[PDB]
Amino acid sequence: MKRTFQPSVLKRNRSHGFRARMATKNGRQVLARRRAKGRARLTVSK
Amino acid sequence: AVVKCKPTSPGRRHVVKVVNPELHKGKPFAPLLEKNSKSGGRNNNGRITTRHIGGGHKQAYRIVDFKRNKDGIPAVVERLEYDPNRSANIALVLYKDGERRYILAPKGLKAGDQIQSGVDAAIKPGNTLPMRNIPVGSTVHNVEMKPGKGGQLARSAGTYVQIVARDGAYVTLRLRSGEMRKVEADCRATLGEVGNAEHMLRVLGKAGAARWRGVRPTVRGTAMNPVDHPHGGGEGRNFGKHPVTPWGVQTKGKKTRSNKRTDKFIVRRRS
RNA sequence: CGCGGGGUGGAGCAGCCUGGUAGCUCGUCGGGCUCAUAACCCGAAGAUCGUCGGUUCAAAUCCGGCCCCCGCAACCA
RNA sequence: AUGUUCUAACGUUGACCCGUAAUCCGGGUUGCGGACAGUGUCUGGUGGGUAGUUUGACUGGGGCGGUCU
RNA sequence: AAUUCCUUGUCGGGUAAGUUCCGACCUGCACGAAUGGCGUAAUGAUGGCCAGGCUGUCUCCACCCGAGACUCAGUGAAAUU
RNA sequence: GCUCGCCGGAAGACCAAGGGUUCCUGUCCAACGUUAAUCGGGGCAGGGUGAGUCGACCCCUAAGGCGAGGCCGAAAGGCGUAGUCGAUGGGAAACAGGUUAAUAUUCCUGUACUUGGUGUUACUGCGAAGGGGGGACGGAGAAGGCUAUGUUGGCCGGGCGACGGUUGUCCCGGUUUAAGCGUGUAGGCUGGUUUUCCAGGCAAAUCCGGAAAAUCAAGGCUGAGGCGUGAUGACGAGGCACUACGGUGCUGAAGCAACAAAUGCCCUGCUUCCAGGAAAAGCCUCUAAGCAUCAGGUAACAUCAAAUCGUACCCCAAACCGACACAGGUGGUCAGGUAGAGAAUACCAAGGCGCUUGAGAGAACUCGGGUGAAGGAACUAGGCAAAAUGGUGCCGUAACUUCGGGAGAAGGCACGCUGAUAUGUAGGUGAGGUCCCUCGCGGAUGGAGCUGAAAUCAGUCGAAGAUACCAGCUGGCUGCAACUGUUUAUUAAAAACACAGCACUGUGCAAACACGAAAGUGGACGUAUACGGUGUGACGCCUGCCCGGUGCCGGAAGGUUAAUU
RNA sequence: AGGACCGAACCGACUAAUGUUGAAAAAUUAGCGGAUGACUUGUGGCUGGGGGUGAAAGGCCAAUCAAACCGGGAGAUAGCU
Ligand SMILES: [Mg+2]
Ligand SMILES: [Mg+2]
Ligand SMILES: [Mg+2]
Ligand SMILES: [Mg+2]
Ligand SMILES: [Mg+2]
Ligand SMILES: [Mg+2]
Ligand SMILES: [Mg+2]
Ligand SMILES: [Mg+2]
Ligand SMILES: [Mg+2]
Ligand SMILES: [Mg+2]
Ligand SMILES: [Mg+2]
Ligand SMILES: [Mg+2]
Ligand SMILES: [Mg+2]
Ligand SMILES: [Mg+2]
Ligand SMILES: [Mg+2]
Ligand SMILES: [Mg+2]
Ligand SMILES: [Mg+2]
Ligand SMILES: [Mg+2]
Ligand SMILES: [Mg+2]
Ligand SMILES: [Mg+2]
Ligand SMILES: [Mg+2]
Ligand SMILES: [Mg+2]
Ligand SMILES: [Mg+2]
Ligand SMILES: [Mg+2]
Ligand SMILES: [Mg+2]
Ligand SMILES: [Mg+2]
Ligand SMILES: [Mg+2]
Ligand SMILES: [Mg+2]
Ligand SMILES: [Mg+2]
Ligand SMILES: [Mg+2]
Ligand SMILES: [Mg+2]
Ligand SMILES: [Mg+2]
Ligand SMILES: [Mg+2]
Ligand SMILES: [Mg+2]
Ligand SMILES: [Mg+2]
Ligand SMILES: [Mg+2]
Ligand SMILES: [Mg+2]
Ligand SMILES: [Mg+2]
Ligand SMILES: [Mg+2]
Ligand SMILES: [Mg+2]
Ligand SMILES: [Mg+2]
Ligand SMILES: [Mg+2]
Ligand SMILES: [Mg+2]
Ligand SMILES: [Mg+2]
Ligand SMILES: [Mg+2]
Ligand SMILES: [Mg+2]
Ligand SMILES: [Mg+2]
Ligand SMILES: [Mg+2]
Ligand SMILES: [Mg+2]
Ligand SMILES: [Mg+2]
Ligand SMILES: [Mg+2]
Ligand SMILES: [Mg+2]
Ligand SMILES: [Mg+2]
Ligand SMILES: [Mg+2]
Ligand SMILES: [Mg+2]
Ligand SMILES: [Mg+2]
Ligand SMILES: [Mg+2]
Ligand SMILES: [Mg+2]
Ligand SMILES: [Mg+2]
Ligand SMILES: [Mg+2]
Ligand SMILES: [Mg+2]
Ligand SMILES: [Mg+2]
Ligand SMILES: [Mg+2]
């Protein structure tokens with residue numbers, strides 16, 4: 001039976017990618033928090 | 001004409017269709033078409049702002065000439081056509097200079113008829129004149145509200161307005177609703193009633209026929225829960241309250257017109 | 001099991017609440033009018049107020065018990 | 001105070017011209033309205049559309065009934 | 001009565017025997033006219049009842065074919081305490 | 001290796017998504033694999049993905065996004081014009097054979113095609129951010145013409161049979177070939193050509209649209225398939241030689257016809273209906289400004305270029321989504337035989353598998369099935385479950401009805417095989433031959449050959465002929481809802497929701513209404529025969545009385561009454 | 001012609017049995033409904049939490065819904081265990 005995660009690379013990048021984060025100030029704030037914490041993988045692009 | 005279907009299935013028993021044999025059967029005139037994709041009742045926020053709209057058949061917009069501002073050049077009706085965007089039929093006319101245009105088809109118009117607009121046009125159905133040149137008592141349609149703006153009143157199938165009086169710079173009109181309204185006498189009007197007067201005798205016959213026109217189902221307020229509608233709730237069928245809209249406004253009698261700009265032009269309300 | 005309202009000429013209703021006094025319509029009885037009856041007109045009679053106790057100078061009336069009458073409630077279980 | 005007229009504020013989701021290669025916007029001409037409409041402050045009415053809350057205790061279990069000095 | 005408490009009302013039909021069913025009666029605790037009334041052909045993985053066929057549903061179980069259960073070798077949990 | 005079993009509209013073969021080395025070779029077996037493992041999608045090492053034509057990238061746009069200025073907003077920001085992005089759609093071009101352990105429309109062989117640059121020659125009006133054409137579009141239905149494909153015959157090679165027969169109407173196998181190029185056929189659409197003029201296409205136009213003459217009556221466009229070539233080639237059964245036993249090398253016959261035939265192609269066609277069926281570019285054409293013995297355009301030839309990224313492998317799955325090597329889910333394409341209406345079902349082909357614990361035994365009891373004396377719903381809340389019916393053709397079929405239905409009502413009869421009618425019929429297809437002409441992929445006649453039901457009569461076997469698989473139980477009364485639909489993903493599918501129809505009511509357009517501090521947007525590029533809200537719910541017969549209460553609508557004399565003064 | 005009929009693919013989910021530390025955090029087996037349409041499906045897009053969407057069940061909004069999830073106020077408060 002159909003589960004919730006149906007992978008799609010294009011939709012993944014368009015929803016959570018780097019350029020989607022950078023497009024709004026709240027996305028940029030997400031990136032700032034993740035840099036301050038020190039995540040190795042900053043977004044889903046990597 | 002008006003044709004009843006034979007009851008060979010439960011979805012056909014009550015269907016009444018209006019069929020016109022004189023409508024064109026080919027494709028429409030390509031230079032006068034545009035696309036118009038559907039909204040779903042959604043506005044630019046993406047929210048539903050009008051309910052019960054969606055789906056239906058794909059349609060192409062026919063550019064109809066509502067202004068009729070090509071004066072002094074006679075035109076000939078080429079063919080009547082079906083228009084999916086409105087209840088009336090539209091006629092394709094050809095001007096003596098080689099230009100083609102769509103107009104609302106008045107009652108009695110047929111291929112080969114002569115029409116023309118302007119102040120000197122003859123008093124015949126399909127001709128457009130400023131309303132100060134049309135005799136008092138005439139039946140006109142596609143009436144303008146501001147000079148040069150384009151016709152806006154009496155555009156549905158079978159409708160018309162009547163010029164009841166003329167006094168100075170204004171003419172008094174009787175609209176289909178029964179309201180008596182005052183309009184500038186330089187506005188244009190087209191003589192005669194809008195054609196396809198039997199459009200209202202149509203019976204859809206089944207739910208799908210309404211879904212083909214992009215109408216989605218209406219859920220009654222009493223069928224919901226109180227969190228959804230003021231009418232919701234109850235053990236069994238309970239109403240016990242004054243009828244209102246989904247947003248709490250009384251919906252049987254309460255008047256909603258509030259416009260003081262245009263109150264000066266209203267001579268009588270429709271009653 | 002429990003609350004609320006009632007019992008007044010023969011019938012249906014007032015008067016009770018602020019205890020001093022019983023009214024209204026119909027019915028009954030007597031007389032008229034009519035050939036006669038009904039209708040109509042005139043006059044009169046008729047209830048000690050469910051019952052038993054209390055309070056009071058005085059109880060249909062206020063308080064209590066009892067006998068009937070009606071209504072409501074009797075849920076979660 | 002009311003009414004009538006006017007135009008110059010103001011409106012125009014009428015027409016035309018320009019920026020312009022543009023059904024936004026702005027500027028210009030003209031028409032139509034016109035001190036109305038509309039907006040700000042103050043103010044009466046309405047307002048489960050929305051919001052914050054209250055809705056007693058005793059009790060041979062609680063409710064109903066009764067009670068509370 | 002998808003509504004009737006008393007109630008398995010009463011009468012009729014069906015059954016050997018029918019608190020259900022069908023037809024009536026009217027005493028409607030507490031139906032009723034677009035929070036529609038009364039009918040209604042066709043339709044329904046809809047509710048109730050009856051009949052024919054059919055049968056291991058049952059009287060009342062018997063035998064048989066396979067997968068486990070049982071024994072041997074290998075691997076090897078769990079709730080609980 | 002030989003037997004046996006299973007799938008075969010998949011449990012075979014490919015694409016897309018998704019994964020990312022799982023692909024191939026050598027080696028190892030500690031851990032992983034529900035057991036052992038010498039094996040593995042495990043560990044370690046090495047190898048492997050080749051493009052002008054496939055895809056991306058590229059040009060073009062849809063929904064939608066972003067959005068210079070702009071409008072609007074306490075700030076953050078919201079919306080939107082010019083623009084610019086965004087495929088799931090439009091736009092140039094390649095096929096066959098061979099080859100690796102692992103890639104191939106990419107490598108090799110053969111044969112092709114497209115776009116662009118440059119140069120030369122010949123001729124010449126070129127030119128756009130503008131005009132026009134085109135691209136360019138629905139559902140259903142009906143054929144007619146074909147092919148893929150299959151069957152049979154012919155031909156070629158081989159065989160003469162473990163047990164009765166088998167030199168023949170016998171058995172096995174093969175009988176294949178592309179793009180391109182040339183023909184322009186079945187068939188579809190459309191009259192053509194030349195002048196003259198014109199309020200139209202924002203200006204111009206020789207282009208498109210319109211008008212009037214003259215003339216000719218055939219021109220044009222599209223088009224599957226066949227045929228010829230490609231191809232004296234390649235491939236090819238099978239032989240002959242090596243094998244270091246996985247296979248390598250050489251050679252290589254026939255390679256035809258008839259019939260049947262798609263859900264594929266002609267066909268973006270045709271017919272019909274209403275619910276009336278993208279856009280933009282590439283492309284063709286027209287001119288403006290401009291240029292002008294230039295530039296540019298057209299044609300032929302020569303030459304150069306076509307970059308970059310993907311390409312292994314899985315892909316109804318042990319590699320994707322489900323924590324698992326998980327009875328689940330996952331879009332598109334291909335589509336053999338016999339029977340059959342069929343992509344159902346049964347047995348098979350090509351191909352692929354036997355599902356990663358076995359061995360015994362033959363207790364109760366549980367699960368999944370088979371059969372059952374006599375009875376036949378007595379069971380039970382209830383015929384739950386099971387049993388039963390089940391096909392085709394013909395006969396026959398009630399109440400009721402909205403005249404369509406009910407209806408497959410109910411019920412019944414025939415059904416195999418063999419022969420004859422008829423050495424194979426009615427029908428379908430169709431060669432040769434002959435005769436014509438605008439001569440060709442032509443017309444007429446002609447019928448050899450091939451294919452071929454259905455029926456009747458007669459006979460015949462069995463208990464049984466729709467023999468398996470497959471495949472309605474039927475009728476009677478009644479409540480509710482008209483009906484097809486929808487719903488509580490995961491205890492409720494209904495009488496609930498919806499519905500066509502009905503009524504009330506609001507709404508005159510900058511509409512009411514809704515989303516939004518606003519600008520705006522939807523309603524609607526709609527205009528009262530329209531749009532919103534509410535209730536009822538096909539259809540038939542109907543829908544009675546009450547305006548005291550509450551609400552709404554209208555009124556505006558009087559009483560009361562805010563800020564203000 | 002048809003929200004026509006019978007019936008596979010496909011989309012559902014009416015009944016029964018099994019399973020219930022399952023093969024499976026909703027399935028399997030045998031039957032069952034629709035199956036040219038108010039049909040189904042791929043890819044992309046839009047609507048955001050007192051908000052959306054809802055042929056309406058308080059259904060659905062990532063196994064979570066009479067108010068999602070994550071972080072913060074925060075060591076909320078707890079006459080209670
Ligand atoms: Mg609506
Ligand atoms: Mg409606
Ligand atoms: Mg409900
Ligand atoms: Mg409410
Ligand atoms: Mg009720
Ligand atoms: Mg009530
Ligand atoms: Mg007397
Ligand atoms: Mg007294
Ligand atoms: Mg509240
Ligand atoms: Mg608080
Ligand atoms: Mg208490
Ligand atoms: Mg009872
Ligand atoms: Mg009886
Ligand atoms: Mg009865
Ligand atoms: Mg009722
Ligand atoms: Mg009424
Ligand atoms: Mg009803
Ligand atoms: Mg149904
Ligand atoms: Mg053991
Ligand atoms: Mg343990
Ligand atoms: Mg098999
Ligand atoms: Mg391997
Ligand atoms: Mg070992
Ligand atoms: Mg092991
Ligand atoms: Mg490995
Ligand atoms: Mg856009
Ligand atoms: Mg924007
Ligand atoms: Mg800006
Ligand atoms: Mg682009
Ligand atoms: Mg694409
Ligand atoms: Mg390979
Ligand atoms: Mg063929
Ligand atoms: Mg590959
Ligand atoms: Mg396994
Ligand atoms: Mg699996
Ligand atoms: Mg699927
Ligand atoms: Mg099969
Ligand atoms: Mg056994
Ligand atoms: Mg058993
Ligand atoms: Mg049996
Ligand atoms: Mg036997
Ligand atoms: Mg038996
Ligand atoms: Mg027997
Ligand atoms: Mg019994
Ligand atoms: Mg019993
Ligand atoms: Mg059953
Ligand atoms: Mg059975
Ligand atoms: Mg009943
Ligand atoms: Mg229904
Ligand atoms: Mg459920
Ligand atoms: Mg608007
Ligand atoms: Mg209703
Ligand atoms: Mg159907
Ligand atoms: Mg079906
Ligand atoms: Mg569902
Ligand atoms: Mg269910
Ligand atoms: Mg099933
Ligand atoms: Mg059906
Ligand atoms: Mg509820
Ligand atoms: Mg959920
Ligand atoms: Mg809350
Ligand atoms: Mg704090
Ligand atoms: Mg705490």
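These values consider heavy atoms only, across backbone and side chains, with no hydrogens, waters or symmetry-generated copies. All chains are named by letter (A, B, ...) in the order of the sequence lines, taking the proteins before the strands, and each is independently numbered beginning at 1.
Base pairing of F:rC44 is made with F:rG26, judged by Watson-Crick or G-U wobble geometry with both donor-acceptor distances under 3.5 Å. When Watson-Crick and G-U wobble pairs are counted only if both distances are under 3.5 Å, G:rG31 pairs with G:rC14. Base-pair partner of F:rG73: not found among the strands shown (Watson-Crick or G-U wobble, both distances under 3.5 Å). Base pairing of F:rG340 is not made with any nucleotide, judged by Watson-Crick or G-U wobble geometry with both donor-acceptor distances under 3.5 Å. When both pairing distances are held under 3.5 Å, E:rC63 makes a Watson-Crick or G-U pair with F:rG370. Base pairing of F:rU193: its partner is F:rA214, meeting the Watson-Crick or G-U wobble criterion (both donor-acceptor distances under 3.5 Å).
Closest to the side chain of B:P7, out of F:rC403, F:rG508, F:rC525, is F:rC403. Out of F:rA199, F:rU529, F:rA63, the shortest distance to the side chain of B:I73 is found at F:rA199. Looking at the side chain of B:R237, the nearest of the listed nucleotides F:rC274, F:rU529, F:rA496 is F:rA496.
Summarising the geometry, the separation between CZ on B:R181 and P on F:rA511 is reported as 12 Å, rounded to the nearest angstrom. Nucleotide F:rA496 holds its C1' atom 13 Å from the CG atom of B:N225, rounded to whole Å.
The bases F:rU149 and F:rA260 are paired, Watson-Crick or G-U wobble, with both atom distances under 3.5 Å. A Watson-Crick or G-U wobble pair links F:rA374 with E:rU59, both defining distances under 3.5 Å. Under the 3.5 Å cutoff applied to both distances, D:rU54 and E:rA33 fail to qualify as a Watson-Crick or G-U wobble pair. Judged by Watson-Crick and G-U wobble geometry, where both atom pairs must sit under 3.5 Å apart, F:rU248 and F:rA241 count as a base pair.
At the phosphate of F:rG138, neither OP1 nor OP2 sits under 4.0 Å from any side-chain N or O atom of B:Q59. Residue B:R202 has no polar side-chain atom (N or O) positioned under 4.0 Å from OP1 or OP2 of F:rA500. Contact between the side-chain N/O atoms of A:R3 and the OP1/OP2 oxygens of G:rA26 is found at a separation under 4.0 Å.
Geometrically, B:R100 does not engage B:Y95 in a cation-pi contact defined by less than 6.0 Å to the ring centre and at most 45° from the axis.
Here B:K255 lies in heavy-atom contact (under 4.0 Å) with sugar-phosphate atoms only.
A distance criterion of less than 5.0 Å between side-chain heavy atoms and groove-edge base atoms places B:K252 in the minor groove.
The pair B:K70-B:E99 counts as a salt bridge, with a side-chain nitrogen and a carboxylate oxygen less than 4.0 angstrom apart.
Comparing the same atom, P, in F:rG375 and in F:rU491 gives a spacing of 48 Å after rounding to whole Å.
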